[PDB]
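Listing of work18.cif; format and content: mmCIF, C-alpha atoms.
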data_run
loop_
_atom_site.label_atom_id
_atom_site.label_comp_id
_atom_site.auth_asym_id
_atom_site.auth_seq_id
_atom_site.Cartn_x
_atom_site.Cartn_y
_atom_site.Cartn_z
CA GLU A 1 108.80 105.58 105.11
CA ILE A 2 107.01 102.23 105.26
CA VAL A 3 108.33 100.87 101.95
CA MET A 4 105.31 99.40 100.15
CA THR A 5 106.69 96.47 98.14
CA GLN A 6 103.36 96.03 96.40
CA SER A 7 102.19 92.63 95.24
CA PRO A 8 102.42 93.08 91.47
CA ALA A 9 98.83 92.65 90.29
CA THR A 10 95.17 91.78 90.81
CA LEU A 11 94.61 88.53 88.92
CA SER A 12 91.31 88.45 87.03
CA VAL A 13 90.13 87.02 83.70
CA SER A 14 86.37 86.94 84.03
CA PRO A 15 84.79 89.86 85.93
CA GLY A 16 85.28 88.77 89.52
CA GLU A 17 86.13 89.94 93.02
CA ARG A 18 89.91 90.20 92.95
CA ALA A 19 92.23 92.04 95.34
CA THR A 20 95.03 94.22 94.01
CA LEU A 21 97.25 93.24 96.92
CA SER A 22 99.96 95.85 97.49
CA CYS A 23 102.34 94.64 100.19
CA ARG A 24 104.51 96.90 102.30
CA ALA A 25 108.02 95.62 102.95
CA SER A 26 108.37 97.50 106.25
CA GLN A 27 104.85 97.16 107.68
CA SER A 28 101.30 96.72 106.50
CA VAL A 29 100.50 99.11 103.68
CA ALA A 30 97.84 100.79 105.79
CA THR A 31 96.08 104.06 106.56
CA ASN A 32 99.09 105.32 108.52
CA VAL A 33 101.10 104.56 105.39
CA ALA A 34 97.99 105.92 103.61
CA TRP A 35 98.31 103.26 100.93
CA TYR A 36 94.88 104.38 99.68
CA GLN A 37 94.68 101.41 97.27
CA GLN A 38 95.29 103.85 94.42
CA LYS A 39 94.56 102.49 90.97
CA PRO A 40 96.88 104.99 89.31
CA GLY A 41 97.17 105.06 85.57
CA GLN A 42 99.43 107.69 84.09
CA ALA A 43 96.71 110.25 83.30
CA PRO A 44 93.55 108.20 83.94
CA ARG A 45 92.32 107.38 87.46
CA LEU A 46 95.75 108.36 88.78
CA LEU A 47 94.27 108.94 92.23
CA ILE A 48 93.54 107.04 95.41
CA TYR A 49 91.10 104.40 94.24
CA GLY A 50 91.14 103.32 97.85
CA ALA A 51 90.80 105.64 100.83
CA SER A 52 93.84 105.01 103.05
CA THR A 53 93.60 101.36 101.90
CA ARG A 54 90.33 100.97 103.80
CA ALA A 55 87.53 102.19 101.52
CA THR A 56 86.94 102.87 97.83
CA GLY A 57 88.47 106.28 97.09
CA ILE A 58 88.54 108.50 94.02
CA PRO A 59 89.93 106.31 91.21
CA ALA A 60 88.02 103.11 91.99
CA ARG A 61 85.19 101.47 90.12
CA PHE A 62 85.15 99.31 93.27
CA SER A 63 88.23 97.73 91.65
CA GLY A 64 90.87 99.88 93.31
CA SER A 65 88.65 99.89 96.37
CA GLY A 66 90.41 100.52 99.67
CA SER A 67 91.24 97.33 101.53
CA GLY A 68 94.26 96.35 103.53
CA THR A 69 93.74 92.61 103.12
CA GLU A 70 97.16 91.86 104.63
CA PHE A 71 100.44 93.67 104.82
CA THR A 72 99.24 93.90 101.21
CA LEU A 73 96.89 96.88 100.86
CA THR A 74 94.62 95.13 98.38
CA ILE A 75 93.10 97.65 96.03
CA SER A 76 90.05 95.43 96.10
CA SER A 77 89.48 94.46 92.46
CA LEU A 78 85.87 93.52 93.11
CA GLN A 79 84.20 92.67 89.79
CA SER A 80 87.42 93.54 87.98
CA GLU A 81 86.56 94.35 84.36
CA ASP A 82 88.63 95.44 81.37
CA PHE A 83 88.11 99.06 82.47
CA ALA A 84 89.28 98.02 85.95
CA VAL A 85 92.69 97.27 84.41
CA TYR A 86 94.99 99.77 86.13
CA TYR A 87 98.21 99.75 88.12
CA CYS A 88 96.29 99.59 91.39
CA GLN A 89 99.38 100.39 93.44
CA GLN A 90 98.15 101.08 96.95
CA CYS A 91 100.29 104.19 96.72
CA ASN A 92 101.35 104.92 100.30
CA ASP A 93 101.67 108.62 101.04
CA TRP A 94 102.86 107.75 104.56
CA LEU A 95 103.29 110.22 107.42
CA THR A 96 107.10 110.35 107.08
CA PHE A 97 107.46 110.05 103.30
CA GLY A 98 105.49 108.49 100.50
CA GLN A 99 106.90 104.96 100.52
CA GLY A 100 104.17 104.18 98.03
CA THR A 101 103.24 100.82 96.60
CA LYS A 102 105.07 100.00 93.38
CA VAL A 103 102.13 98.44 91.53
CA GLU A 104 99.20 96.08 92.00
CA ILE A 105 98.08 96.05 88.38
CA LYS A 106 94.44 95.02 88.18
CA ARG A 107 93.43 93.53 84.83
CA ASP B 159 91.28 84.20 161.72
CA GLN B 160 88.37 84.20 159.36
CA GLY B 161 85.80 85.86 161.62
CA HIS B 162 87.20 89.07 160.17
CA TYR B 163 87.54 89.61 156.44
CA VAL B 164 88.16 92.16 153.70
CA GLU B 165 86.83 91.89 150.15
CA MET B 166 89.65 91.72 147.58
CA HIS B 167 87.83 94.00 145.21
CA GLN B 168 88.08 93.80 141.46
CA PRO B 169 90.81 96.24 140.35
CA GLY B 170 90.19 98.69 137.57
CA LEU B 171 91.68 101.11 135.08
CA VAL B 172 95.21 102.44 134.63
CA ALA B 173 96.33 105.13 132.20
CA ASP B 174 99.78 104.85 130.65
CA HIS B 175 102.15 106.84 128.44
CA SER B 176 105.14 104.67 127.59
CA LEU B 177 103.32 102.30 125.22
CA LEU B 178 102.81 105.27 122.86
CA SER B 179 106.13 104.94 121.05
CA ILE B 180 106.98 106.68 117.76
CA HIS B 181 106.33 105.20 114.31
CA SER B 182 109.43 107.05 113.01
CA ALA B 183 106.89 109.63 111.84
CA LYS B 184 104.07 109.60 114.44
CA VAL B 185 102.63 107.60 117.33
CA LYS B 186 103.33 103.87 117.67
CA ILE B 187 101.47 101.85 120.28
CA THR B 188 103.53 99.03 121.80
CA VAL B 189 101.52 96.65 123.99
CA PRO B 190 103.36 94.05 126.12
CA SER B 191 100.57 91.49 126.58
CA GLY B 192 96.76 91.45 126.70
CA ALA B 193 96.85 95.11 127.74
CA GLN B 194 93.90 96.49 125.80
CA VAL B 195 95.29 99.96 126.45
CA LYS B 196 92.54 102.45 125.67
CA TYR B 197 94.18 105.01 123.40
CA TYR B 198 92.57 108.11 121.90
CA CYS B 199 94.58 110.37 119.60
CA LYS B 200 92.97 113.43 117.98
CA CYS B 201 90.46 111.19 116.24
CA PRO B 202 88.85 108.29 118.11
CA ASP B 203 91.28 105.38 118.08
CA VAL B 204 90.37 102.08 119.73
CA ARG B 205 89.26 103.48 123.07
CA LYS B 206 88.38 99.85 123.77
CA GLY B 207 92.16 99.43 123.76
CA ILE B 208 94.40 97.18 121.71
CA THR B 209 96.96 94.50 122.33
CA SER B 210 98.03 95.34 118.77
#
Could you express the structure from this file as C-alpha cells?
Amino acid sequence: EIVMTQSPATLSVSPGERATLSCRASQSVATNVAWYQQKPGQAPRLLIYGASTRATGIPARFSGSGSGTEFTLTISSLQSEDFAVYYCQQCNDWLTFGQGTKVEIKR
Amino acid sequence: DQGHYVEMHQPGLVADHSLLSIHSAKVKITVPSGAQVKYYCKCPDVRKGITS
C-alpha cells in the first residue's frame, strides 16, 4: 500500500527525547497506513509501540511512542535508553496491504 | 433606485460527495481550495472540515 520507506533510526546517545522517524515513500506513514510506530524486535516488543503512529502503543517505553512527526511516523524515542534500543519501524499495516516501515532503529 | 433594497444575506452550508475520492483502499478527501468540507465517516472525522 503506502510504502513506508522508514527513516533508518532514532539517534540517541544520552537518554533524550528522540524520534524514530519512519518515512513513507508514498504518503505520510500515518494512522490510515497504521504505521503504529512499532518498535519491533524479533521476539521482544515486536508490537505496535505506537498506536497508528499517533500514541504510545504496546511495545513502547515511550520510546516507540506513536507520533507521525512528518511523512516519517516517528516512533517517538522520548528518553531513549539502552532498553529503548529497538528497530522502531513504524510498521504500517495499511488498509490495502501492510506497506510497513522498514526500520527506525532507536538506540 | 435605492429606495428599495434587498439584503444580500450571508450564504451558508453545502454538502458534497465528489471530494471523497478513494485512497486505493478506502476514502480519500480531495479539497480544491479553502473548502473546509465537513466530513464524518463512521468515526468522527474533522466535522469542522479540512482543506487537507
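Counting only C-alpha atoms and comparing A:91, A:23, A:2, A:105, the residue that lies closest to residue A:50 is A:91.
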Quiz prompt | Distance filter 9 Å, all atoms listed in the file, chain A against chain B, as number ranges by chain | solution = A: 1, 32, 94-97
Quiz item: Written as a PyMOL selection string, which residues does the PyMOL selection byres ((chain A and resi 14) around 8) give for the file shown?
Solution: chain A and resi 12-13+15-16+80-81
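Counting all atoms listed in the file, residue A:107 has the following residues at most 9 Å away, ignoring those fewer than 4 positions along the same chain: residues 9, 10, 11, 12, 13, 77, 80, 81, 82, 83, 84, 85, 86 and 87 of chain A.
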Exercise. Using the chain letters and numbering of this document, enumerate as a list in words the residues selected by the PyMOL selection byres ((chain B and resi 172) around 12).
Key: residues 169, 170, 171, 173, 174, 175, 193, 194, 195, 196, 197 and 207 of chain B
Save the residues we just selected, C-alpha atoms, as a PDB file, in the coordinates of the input?
ATOM      1  CA  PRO B 169      90.810  96.240 140.350  1.00  0.00           C
ATOM      2  CA  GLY B 170      90.190  98.690 137.570  1.00  0.00           C
ATOM      3  CA  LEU B 171      91.680 101.110 135.080  1.00  0.00           C
ATOM      4  CA  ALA B 173      96.330 105.130 132.200  1.00  0.00           C
ATOM      5  CA  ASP B 174      99.780 104.850 130.650  1.00  0.00           C
ATOM      6  CA  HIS B 175     102.150 106.840 128.440  1.00  0.00           C
ATOM      7  CA  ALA B 193      96.850  95.110 127.740  1.00  0.00           C
ATOM      8  CA  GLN B 194      93.900  96.490 125.800  1.00  0.00           C
ATOM      9  CA  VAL B 195      95.290  99.960 126.450  1.00  0.00           C
ATOM     10  CA  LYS B 196      92.540 102.450 125.670  1.00  0.00           C
ATOM     11  CA  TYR B 197      94.180 105.010 123.400  1.00  0.00           C
ATOM     12  CA  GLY B 207      92.160  99.430 123.760  1.00  0.00           C
TER      13      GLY B 207
END
Practice problem: Determine the residue set returned by the PyMOL selection byres ((chain B and resi 190) around 12) for the present structure, and present it as number ranges by chain. | Solution: B: 176-178, 187-189, 191-195, 208-210
May I have the residues from that selection written out with C-alpha atoms, as a short mmCIF file (atom, residue, chain, number, x, y, z; two decimals), in the frame of the given file?
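Just written: out.cif:
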data_model
loop_
_atom_site.label_atom_id
_atom_site.label_comp_id
_atom_site.auth_asym_id
_atom_site.auth_seq_id
_atom_site.Cartn_x
_atom_site.Cartn_y
_atom_site.Cartn_z
CA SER B 176 105.14 104.67 127.59
CA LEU B 177 103.32 102.30 125.22
CA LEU B 178 102.81 105.27 122.86
CA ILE B 187 101.47 101.85 120.28
CA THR B 188 103.53 99.03 121.80
CA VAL B 189 101.52 96.65 123.99
CA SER B 191 100.57 91.49 126.58
CA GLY B 192 96.76 91.45 126.70
CA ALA B 193 96.85 95.11 127.74
CA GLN B 194 93.90 96.49 125.80
CA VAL B 195 95.29 99.96 126.45
CA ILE B 208 94.40 97.18 121.71
CA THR B 209 96.96 94.50 122.33
CA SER B 210 98.03 95.34 118.77
#
